[PDB]
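The sequence shown begins at 245 in the deposited numbering and counts up one residue at a time. All remarks here apply to the structure that follows.
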Amino acid sequence: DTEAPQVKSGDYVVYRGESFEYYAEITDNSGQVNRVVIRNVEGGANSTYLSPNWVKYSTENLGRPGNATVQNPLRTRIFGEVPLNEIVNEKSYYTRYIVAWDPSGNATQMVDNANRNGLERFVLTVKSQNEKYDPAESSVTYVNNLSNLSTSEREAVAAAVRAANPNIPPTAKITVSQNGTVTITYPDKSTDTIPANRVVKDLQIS
Ligand SMILES: CC(=O)N[C@@H]1[C@@H](O[C@@H]2O[C@H](CO)[C@H](O)[C@H](O[C@]3(C(=O)O)C[C@H](O)[C@@H](NC(C)=O)[C@H]([C@H](O)[C@H](O)CO)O3)[C@H]2O)[C@@H](O)[C@@H](CO)O[C@@H]1O
Ligand code: NA
Ligand code: NA
């Protein structure tokens, strides 16, 4: 419906135990948008039902002339906090639709096709908290023996990893095994692992 408002969204990935925030752009040939609803595909024309319940949205400056032009599109905020108890797997995604109304009452048409993803149709993908972070290379810790780290040496490795990764959640737990393997356990209890050879060396070989 070229007469209806056009929507540009994106690939909206979110993570357990983390806040998220994305913005969609909306334009109309009349230059004006009066209403914005984000919804599940089911329900009919007047339906505004949206799940999961933690998905919120907001749109400022509605019903003003020239609020949805090509030069300055109307922006809709899509945001929330992902609970720690969400189920994550290859199917833990939710396909939703952004519908906008122009002053005439023309509304964006919902088309059920993957080729429309990133437009009025978008996918909200829920992943585990570990997926948000890529643990950065730590400075190497030199230990006495790579096959047997002391308690003090294990604490040192954990400290080095933390110092190199300030963006990792403060309450995330970093543990180190007796062979130097690092495990980062995030608040949602998912994990990242760092091999011993990227964090420790010894001087046992001449
Ligand atoms: C209830 C019913 O029969 N609805 C059909 C409707 O079917 C849905 O169509 C969507 C696209 O418009 C999606 O393809 C729905 O599938 C998914 C999704 O949202 O992407 C697949 C996911 O794997 C799944 N996620 C999980 C965690 O299970 C979700 C999820 O179950 C629901 O979104 C939760 O609300 O579903 C698909 O179910 C569609 O066929 C229309 C025709 O346009 O007809 C009915 O409304
Ligand atoms: Na229009
Ligand atoms: Na990770």
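The C-beta atom is built at its ideal place from N, Cα and C for all residues, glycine as well.
Item to check | Rounded distance between the beta-carbons of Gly324 and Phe264, thought under 8 Å | outcome: 6 Å
Checklist entry - Among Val444, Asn305 and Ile322, which has the Cα closest to the Cα of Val420? => result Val444
Checklist entry - Is it the case that the Cβ atoms of residue 517 and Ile342 are separated by a distance below 7 Å? => result Since the displayed the chain opens at 245 and closes at 450, residue 517 lies outside it and no answer follows.
Item to check | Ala289 versus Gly261: straight-line alpha-carbon distance, rounded | outcome: The C-alpha of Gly261 is placed about 34 Å away from the C-alpha of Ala289.
Item to check | Segment contact flag, the region 405-419 with the region 370-385, C-beta cutoff 8 Å, min 3 pairs | outcome: yes
Item to check | Inter-stretch contact (C-beta, 8 Å, three-pair minimum) for the region 435-444 and the region 401-410 | outcome: yes
Item to check | Every unbroken alpha helix (DSSP H) within the region 255-334, with a cutoff of 4 residues, ordered by chain | outcome: none
Item to check | Contacts around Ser434, its chain only, beta-carbon distance under 6 Å, and the 5 residues preceding and following it disregarded | outcome: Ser372, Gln373 and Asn374
Checklist entry - From what residue to what residue does the alpha helix (DSSP H) around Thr395 run? => result For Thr395, the enclosing alpha helix (DSSP H) begins and ends at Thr395 to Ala408.
Next on the checklist: Below 8 Å on the Cβ atoms is my contact criterion, and I expect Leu328 with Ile270 to pass it. Report the Cβ-Cβ distance as a whole number of Å.
Outcome noted: About 33 Å; that fails the 8 Å criterion.
Next on the checklist: Quick check: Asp378 and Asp272, are their CB atoms within less than 7 Å of each other?
Outcome noted: no
Checklist entry - Applying the criterion that 16 or more other CB atoms from any shown protein chain within 10 Å of the CB defines a buried residue, is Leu447 buried or exposed? => result exposed
Checklist entry - Just to check, is the beta-carbon of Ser253 closer than 6 Å to a non-hydrogen atom of ligand 2? => result no
Item to check | Residue from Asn305, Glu304, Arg283 and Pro309 with nearest C-alpha to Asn297 | outcome: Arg283
Checklist entry - Hey, quick one: how far does the beta strand (DSSP E) through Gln422 stretch, first residue to last? => result Element bounds for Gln422: n/a, residue is neither H nor E.
Checklist entry - Is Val280 near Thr313, with beta carbons less than 7 Å apart? => result no
Checklist entry - Exposed or buried, what is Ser295 when buried is set at 16 or more other beta-carbons lying within 10 Å of its beta-carbon? => result exposed
Next on the checklist: Our contact map puts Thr352 next to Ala344 with C-beta atoms below 8 Å; I'd like the distance itself, whole angstroms only.
Outcome noted: 5 Å
Checklist entry - Can you name, in chain order, every residue of its own chain whose Cβ lies under 7 Å from the Cβ of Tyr293, other than the five neighbours on each side? => result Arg283, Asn284 and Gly287
Next on the checklist: Under DSSP, the beta strand (DSSP E) around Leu368 begins and ends at which residues?
Outcome noted: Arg365 to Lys371
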